[PDB]
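The structure under discussion appears below in the form of structure tokens.
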Amino acid sequence: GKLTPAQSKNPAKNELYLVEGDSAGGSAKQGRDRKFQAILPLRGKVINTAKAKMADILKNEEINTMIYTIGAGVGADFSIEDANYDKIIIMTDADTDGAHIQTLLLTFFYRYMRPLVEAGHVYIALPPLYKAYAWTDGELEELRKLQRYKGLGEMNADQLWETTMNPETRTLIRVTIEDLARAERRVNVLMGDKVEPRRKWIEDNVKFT
Amino acid sequence: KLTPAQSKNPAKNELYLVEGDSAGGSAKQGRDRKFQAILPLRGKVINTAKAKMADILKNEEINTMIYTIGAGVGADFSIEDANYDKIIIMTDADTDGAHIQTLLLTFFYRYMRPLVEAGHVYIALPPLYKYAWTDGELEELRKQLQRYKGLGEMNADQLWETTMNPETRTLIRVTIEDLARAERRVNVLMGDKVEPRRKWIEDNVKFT
Amino acid sequence: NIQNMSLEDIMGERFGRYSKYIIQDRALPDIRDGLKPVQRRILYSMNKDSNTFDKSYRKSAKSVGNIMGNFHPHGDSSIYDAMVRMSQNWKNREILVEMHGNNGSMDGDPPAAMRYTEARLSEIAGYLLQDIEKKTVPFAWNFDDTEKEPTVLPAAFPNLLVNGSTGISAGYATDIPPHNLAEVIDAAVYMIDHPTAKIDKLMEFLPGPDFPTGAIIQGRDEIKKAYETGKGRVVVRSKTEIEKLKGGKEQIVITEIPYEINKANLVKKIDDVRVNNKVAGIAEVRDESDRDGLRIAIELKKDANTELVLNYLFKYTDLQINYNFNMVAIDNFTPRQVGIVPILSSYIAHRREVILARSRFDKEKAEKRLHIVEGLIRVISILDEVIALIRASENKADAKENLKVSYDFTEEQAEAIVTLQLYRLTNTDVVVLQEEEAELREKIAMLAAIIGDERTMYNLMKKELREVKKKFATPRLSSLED
Amino acid sequence: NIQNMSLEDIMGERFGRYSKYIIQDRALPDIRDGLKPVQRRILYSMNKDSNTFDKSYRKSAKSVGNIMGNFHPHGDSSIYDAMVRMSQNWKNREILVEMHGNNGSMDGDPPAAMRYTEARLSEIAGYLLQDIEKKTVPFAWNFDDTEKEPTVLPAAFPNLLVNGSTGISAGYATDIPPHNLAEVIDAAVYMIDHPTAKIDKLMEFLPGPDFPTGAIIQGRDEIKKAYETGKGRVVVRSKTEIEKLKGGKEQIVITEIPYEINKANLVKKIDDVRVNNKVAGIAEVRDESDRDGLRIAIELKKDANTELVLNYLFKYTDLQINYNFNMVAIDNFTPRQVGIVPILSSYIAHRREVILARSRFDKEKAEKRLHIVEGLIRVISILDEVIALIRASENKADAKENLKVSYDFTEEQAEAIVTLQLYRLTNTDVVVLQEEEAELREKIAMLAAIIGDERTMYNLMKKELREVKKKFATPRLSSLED
DNA sequence: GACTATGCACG
DNA sequence: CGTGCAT
DNA sequence: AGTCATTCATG
DNA sequence: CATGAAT
Ligand SMILES: N[C@@H]1CCN(c2c(F)cc3c(=O)c(C(=O)O)cn(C4CC4)c3c2Cl)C1
Ligand SMILES: N[C@@H]1CCN(c2c(F)cc3c(=O)c(C(=O)O)cn(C4CC4)c3c2Cl)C1
Ligand SMILES: [Mg+2]
Ligand SMILES: [Mg+2]
Ligand SMILES: [Mg+2]
Ligand SMILES: [Mg+2]
Ligand SMILES: [Mg+2]
Ligand SMILES: [Mg+2]
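This is the structure we're talking about:
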């Protein structure tokens, strides 16, 4: 077992944590409420489900232990009720690469688990940037009335709780597929096989200065 | 694991028992691939004297040694079916290198006596400073500095010229010149029993 | 060409080298600062880098590399591992390094790789290093011949007993348990006054071990045997308790456990006792420890005899274990089995060399300075003249000789005078200089006392050992039973 | 508690966040200095630490960690693997890093881990950093706000073409082969004179890529295509020679292979032909590469069409490959497909920028001192009343003020005067000072010229490029064939 | 970025 | 066995 | 002190 | 299938 399980098996409040790296992976085990929170360290960069073969996608340890740990099976063989967690939260560094990961994961939770996503079940944790913690460069100027977090790993097991894991002190972005169509196009282009649409998308949307 | 010599020839070929992949890698680059193989040893080697000949045949380092030296181990040891003419031990100049030399020699003494009493087992002498070996050979070179912390901080072509090149290298050759005073020496120092050794240390090791 | 060594002799030389080195320079602590050489290097390096309790944290790897390149020519994983340990408040009684991030847990899971963690010395580690600039401890060259390293730290508190060691050399090995900082100090204070103190008086201040893990230590007799010969076998038992529940279902709650024990394995090994049913009627083991408390609750059955469960757990698990003293350390360059006395003595011995060295250093400093000040007070009364005389001089050297010959100033005073910046000729108030002249004689005096009178020196040793104690003292965690 | 976002949005402020960073700040070189950020940080750091070609090697880990705590908040593996590359001379035409130890082979076996190796900048890397201390390039805060780092090096030689780059971000990738140093300089030298130069003419100076592994580059028209649009496919083929062995059997001897190609795999794949008999005639495939040469022997059987074999291997192995240009770089904060012209021009634009800054800088310094010397030359004429005045002054602050108001000195001068050591009052030789006022006037003119004569500026830039050429120029390794 | 095995003394 | 510096 | 896997765009 | 900075 790569995964660290919740103490009591209540798929009614049980949350599955997808953490980037064993560094933060562990710093997450320690800081948790063990009765209802499990931890699954994601060792590496999660595979691109939109780019690769549904043959190779299945023979990928990081995806398997998610198909097994989620307990519903992927594809259409997906029973959204025989799952094992109410909320599935994606916990990553507040960095560029963490962002990249938030991506690759999403595309999987849509390509191969649309239901879990449409059922408003998938979330995205929101770790802090500064320390009296803040989240945006504006919320720092208000506290000036000074540590800078380079990611989840350089954070202490007690601190990560009060700030991003505590179901009271935390703020979770809740993924919803609002317009199933204008969404299919976005996941399809960013993470797709075709390079030239991505290029154009970056050119039209990304401001270089 | 092993890097062969480009040509089998049990009479001229040399097997280099190196300390760790990084040194074993500088060696794979300096060799004369025609007659020099390289088998790198990964970490401190198993004390063939302290442990059970059971768990001994289970140590990968040892298996991949009995098999490439190609003559089996112990009593079933065919001295003639040997694979290499000279078996050379290359470890750092540092103490842990010294330690390994110990661990190996005890193996070759205990589970391959024949290859040891045959003067086939050698020990490379890398350079301490840079080209001088002993602290004295240093004071000389200042008349007419880079100190070496291990075989690994040395460059490939430097390695060759100084230790691996037959024409230019200095070797020790472990000769068992007394099967009695060379048994009571292994068992005291590598034996299961700790008291003897604590004493030997207390008697021979001057702590200044 | 090849030289022929004897197997008997090659093995002799080689094991001798390893033996000696690995004894005095790897697995065993110096009896005075209670540090293995890598530990010492870590601390010293971090300090040289201003990576201290008061200044920012610092990516660990930065530190580790700096350590590996200036002082400790070995694996970066050894260095970090050791650096990590010194920062884990469940292995050390009084942590030497503070680390932001994942340093592990009592569950024994691994720390974050050094890329993730940042670190700095603890306030108290500061004290181990106190006065080190002041030429107070013997330095040698680093493996490089490029930089000098301390061979022992000043040790403003007696680290060897306070944080313990352990401990695997060759021919020898060591195991010394942590001790309450406040008590070890009380002990040393007494022995400073009564050199000849014997173990029994000593144990009135230093009753025995104080594991950061806490718990219960049984065996007052073997503690003395230990404090006496250095070896000895005490007993360490988990702090238990009983809660009551519904249906008349009693519960065993554990809150402290045996030093050096892996909470996780302890929990599984217990739970195994349930599964295998090695003793009658356990319900369910559960680790309910969260970030601010240790709690293994062992739930029992309806008609369950709690006092047999508990006793089986003590006998057949690590819920209670044997801690063996084996106090080995390195006195005068060699390994020594030592008891509570040789330890506490060498510490005083050392603190002594340290306080003398420090005092000579400060004394010479104040002296060289007093000298300059005496110089300046004279000048002021002949300022015009000295200016006039410099002006008439030819270069700088001529000025100085002229000062010497004409006013009997000394080389060192002439230099001082002649290299004052013009604006100094404004703040020309002597009453202020006279004040410093005095502050300085007083200082020189107080220090000369210390050097000339063993009793005045030991009186400092004591003053200081108390401040440390006042400043860092804490309660016991482990309780004692005979 | 919660806040909702669209799947169409959370994939927007993410992948667009990643994209930009990976593109601006990771996998693509800056067109002016030819460095991806990791590399530029590596070089800046090693240089900041006097870890250069003329001083001793420094343990790789010491370096690596310093980079990681100062500038590059990332993997130490990533940092070392990069440092290692900059040091291997079968990947770099002009290596930027010198590494004592096992840094790898063309057989591509792993470099020793960072705990074994030491390293320093190469002499020519000095040239990449030349004049950094002079405010030539723009700096910015580090991820940490403790230190400023350069965004681009001064680049005294045109690295991006000389060494090459590669090359995989998101939305763009890059492949730029290496080039001979002398040639790229000739090219830029020409274009400094003729801003409006045709590729055809430039190519008289820059005939095509020069890989450090040599070999044969085939495809004149395809090079042009690349030098012009930045995309192009050329063929790279191994240097071959044939040796008539005794027995009527021929032997193909390889002595150089294609850039980026693994000698070990290449031998394997070739022998794997021999063993499957895909083409017929191969007898033994035997690598004979020693420490001072490349040599693969392919011993063919007696009577066997050596052209059919050789060609088979060219098509079906890496004995011969297609090398694709895809020259992208970061001009103005953004990725740009570019050819020889935008490249050389961007470099030239940069040197210009640099040389101007550099010159504003020394001139500033030379001004500030000339101003003080003017001040000092004056004081000498009025020394007596000046000492006099500083005398009647209340304090340093009042002396400067007094100096100003009484005699027109300026802050800058008032300060220099008021902080002179008493012994300066010995000297009264205006003649040495006047020799300096002259030297400084001259220095300033020369610089000022440079700053305000576009032409003057360029001949300097050329003067320097030629010196770089004279000192580091080396012969082609790769032959060209239409 | 986890996993994998050794030496050494000790109950 | 499991300890902690070393390979 | 090596070994395993993923990104990204390209021919 | 590699490539080389990244997880
Ligand atoms: N089967 C497993 C899946 C993950 N994994 C690997 C792997 F093969 C190699 C590396 C690796 O070189 C590395 C590094 O710092 O250079 C870092 N990492 C970790 C940051 C992710 C690696 C990982 Cl996880 C193999
Ligand atoms: N053939 C064996 C299999 C296991 N093994 C191991 C191993 F398991 C762990 C480590 C290890 O922790 C380490 C370190 O730097 O801390 C260094 N080394 C290398 C210097 C020797 C290790 C090695 Cl080789 C090699
Ligand atoms: Mg990160
Ligand atoms: Mg070594
Ligand atoms: Mg390790
Ligand atoms: Mg027990
Ligand atoms: Mg890697
Ligand atoms: Mg081909």
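Those protein sequences? They're chains C, D, B and A, same order as listed. Mind the numbering: the first sequence is residues 414 to 544, 556 to 569, 577 to 640 in the entry's author numbering, read in order. Mind the numbering: the second sequence is residues 415 to 544, 557 to 570, 577 to 640 in the entry's author numbering, read in order. The third sequence begins at 3 in the entry's author numbering and counts up one residue at a time. The fourth sequence begins at 3 in the entry's author numbering and counts up one residue at a time. Cβ atoms here follow ideal geometry from the backbone N, Cα and C, with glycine treated the same way.
{"Query": "Are any of the Cβ atoms in chain B nearer than 8 Å to that of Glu494 (chain C)?", "Result": "no"}
{"Query": "Grouping DSSP H, G and I as helix and E and B as strand, with all else coil, what is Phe141 (chain B)?", "Result": "strand"}
{"Query": "Please indicate yes or no: does the CB of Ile323 (chain A) lie closer than 7 Å to some heavy atom of ligand 8?", "Result": "yes"}
{"Query": "Give, in chain order, every residue of the region 432–453 of chain A whose Cβ lies closer than 9 Å to some Cβ of chain B.", "Result": "none"}
{"Query": "May I have all residues whose beta carbon comes closer than 5 Å to any heavy atom of ligand 1, sorted in chain order?", "Result": "C:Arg456, C:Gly457, A:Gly77, A:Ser79"}
{"Query": "Tell me the rounded alpha-carbon separation between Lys464 (chain D) and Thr336 (chain B).", "Result": "26 Å"}
{"Query": "In the structure shown, what three-state DSSP assignment does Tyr525 (chain D) receive?", "Result": "coil"}
{"Query": "I think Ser167 (chain B) touches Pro39 (chain B), with their Cβ atoms under 8 Å apart; what is that distance to the nearest whole Å?", "Result": "Rounded, the Cβ-Cβ distance is 12 Å, inconsistent with contact."}
{"Query": "Let me have the residue list for ligand 4: C-beta closer than 5 Å to any non-hydrogen atom, ordered along the chain.", "Result": "D:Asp506, D:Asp508, D:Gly582"}
{"Query": "Counting only Cβ pairs nearer than 7 Å, list the residues of chain B close to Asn636 (chain D).", "Result": "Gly18"}
{"Query": "Could you say which of A:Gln5, A:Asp274, A:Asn461 lies nearest to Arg601 (chain C) if we only look at CA atoms?", "Result": "A:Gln5"}
{"Query": "For the region 311–330 of chain B and the region 275–291 of chain B, state whether three or more C-beta atom pairs, one from each stretch, are separated by less than 8 Å.", "Result": "yes"}
{"Query": "Determine whether the Cβ of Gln515 (chain C) lies closer than 8 Å to any Cβ atom of chain A.", "Result": "yes"}
{"Query": "Please list the residues of the region 577–603 of chain C that have a C-beta atom closer than 7 Å to any C-beta atom in chain B, keeping them in chain order.", "Result": "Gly584, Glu585, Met586, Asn587, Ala588, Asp589, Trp592"}
{"Query": "Hey, would you say the C-beta of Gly434 (chain D) is under 7 Å away from at least one heavy atom of ligand 2?", "Result": "yes"}
{"Query": "Are the C-beta of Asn91 (chain A) and some C-beta of chain D separated by less than 8 Å?", "Result": "no"}
{"Query": "Against chain A, with Cβ distances strictly below 8 Å, would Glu396 (chain B) count as a contact?", "Result": "yes"}
{"Query": "With a threshold of 7 Å, establish whether the CB of residue 576 (chain C) neighbours any heavy atom of ligand 3.", "Result": "Note on chain C: consecutive modelled numbers read 569 then 577, so residue 576 (chain C) has no coordinates in the structure shown."}
{"Query": "Which residues in the same chain as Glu290 (chain B) place their Cβ atom closer than 6 Å to its Cβ, once the five residues preceding and following it in sequence are excluded?", "Result": "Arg297, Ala299"}
{"Query": "Please tell me whether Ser21 (chain A) and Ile537 (chain C) are closer than 8 Å, where the distance is taken between their beta carbons.", "Result": "no"}
{"Query": "Whole-angstrom Cβ separation of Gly341 (chain B) and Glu230 (chain B), contact assumed at under 8 Å?", "Result": "5 Å"}
{"Query": "Let me confirm a value: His196 (chain B) is counted as buried when at least 16 other C-beta atoms fall within 10 Å, else exposed. Which label applies?", "Result": "exposed"}
{"Query": "For the region 184–240 of chain A, list the alpha helix (DSSP H) runs that are entirely contained and at least 4 residues long, ordered along the chain.", "Result": "201–204, 222–231"}
{"Query": "Measuring only the C-alpha atoms, how far is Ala142 (chain A) from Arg42 (chain A)?", "Result": "13 Å"}
{"Query": "Any beta carbon from chain C within less than 8 Å of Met13 (chain A)'s own beta carbon?", "Result": "yes"}
{"Query": "Look at the alpha carbon of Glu286 (chain A) and the alpha carbon of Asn307 (chain A), and state the distance between them as a whole number of angstroms.", "Result": "15 Å"}
{"Query": "Going straight from the alpha carbon of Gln339 (chain A) to that of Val237 (chain A), what length do you get?", "Result": "21 Å"}
{"Query": "What does DSSP give as the partner residues of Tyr543 (chain D) in its beta bridges?", "Result": "D:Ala558, D:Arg579"}
{"Query": "Would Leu519 (chain C) count as contacting chain A if we go by Cβ distances under 8 Å?", "Result": "yes"}
{"Query": "Whole alpha helix (DSSP H) runs in the region 361–415 of chain A with 4 or more residues, listed along the chain?", "Result": "385–394, 398–409"}
{"Query": "Which residues in the same chain have their Cβ closer than 6 Å to the Cβ of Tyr314 (chain B), if we skip the five residues on either side of it in sequence?", "Result": "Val281"}
{"Query": "Measuring only between beta-carbons, confirm whether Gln5 (chain B) sits less than 8 Å from chain D.", "Result": "yes"}
{"Query": "Tell me, please, which residues DSSP counts as bridged to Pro454 (chain C).", "Result": "C:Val432"}
{"Query": "By DSSP, does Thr336 (chain A) sit in helix, in strand, or in coil?", "Result": "strand"}
{"Query": "Please determine whether the Cβ atom of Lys426 (chain C) lies at a distance below 7 Å from any heavy atom of ligand 6.", "Result": "no"}
{"Query": "Hey, does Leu424 (chain B) have any beta-carbon neighbour from chain A nearer than 8 Å?", "Result": "yes"}
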